[PDB]
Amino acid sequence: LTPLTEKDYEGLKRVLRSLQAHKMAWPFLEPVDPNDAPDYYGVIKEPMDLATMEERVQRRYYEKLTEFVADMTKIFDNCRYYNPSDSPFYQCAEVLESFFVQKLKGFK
C-alpha cells in the first residue's frame, strides 16, 4: 500500500478534527474514565480513542492509511461490544462511523 505522505497527513488531521467536532463524538474524545466504568478495561483488550489517535498522527505513527483506519475501527468495535445496541453510547458509534466513512471516502 501507498505510504502516507506529508500531504496525506494534512488530510488525516482534517479528518480527525472533523470527527472530534462531531456532536456525537463525546464518548470517544478521550480514554474511557475507569472511574465511570470500573469493568471497562477488563472487558476491552485494546482500548482506543480520538486523543490517542491525535497523538499518533502528531508523532507520524501511521505509515499506511490502513493502520489509521484500523485504529478508528477499534473505537467503534470496542463501543458496540461494550454497550448494548439500545445504549446512547452505541448510537454514537453508529452515527460517527457512518460519518467517518463519508470523510474517509473523500480523503481517499
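So that there is no doubt, residue numbering starts at 1 and follows the sequence shown. Heads up, when I say rigid core I mean the largest set of C-alphas that superpose within 1.5 Å between the two forms.
Discussion item. Fitting on the rigid core only, I'd like to know which of the two stretches, 29-37 or 61-69, ends up farther away in Cα terms in 5 other deposited structures of this protein.
Written reply: With the rigid core superposed, the C-alphas that lie farther in 5 other deposited structures of this protein are those of 29-37.
Worksheet item: Core-superposed in 5 other deposited structures of this protein, which stretch deviates more in Cα positions, 73-81 or 38-46?
Response: Farther from the shown form on average in 5 other deposited structures of this protein: 38-46.
Practice prompt. Using only the Cα atoms and their B-factors as the entry lists them, report which of 85-93 and 13-21 averages higher.
Written response: Averaging CA B-factors over each stretch, the winner is 85-93.
Item to complete: Going by the average Cα B-factor in the PDB entry, point out whether 31-39 or 67-75 comes out higher.
Response: Comparing averages over the C-alpha atoms only gives 31-39.
Discussion item. Splitting the chain's C-alpha B-factors into thirds, which one does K45 fall into?
Written reply: According to the entry, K45 has a C-alpha B-factor in the chain's highest third.
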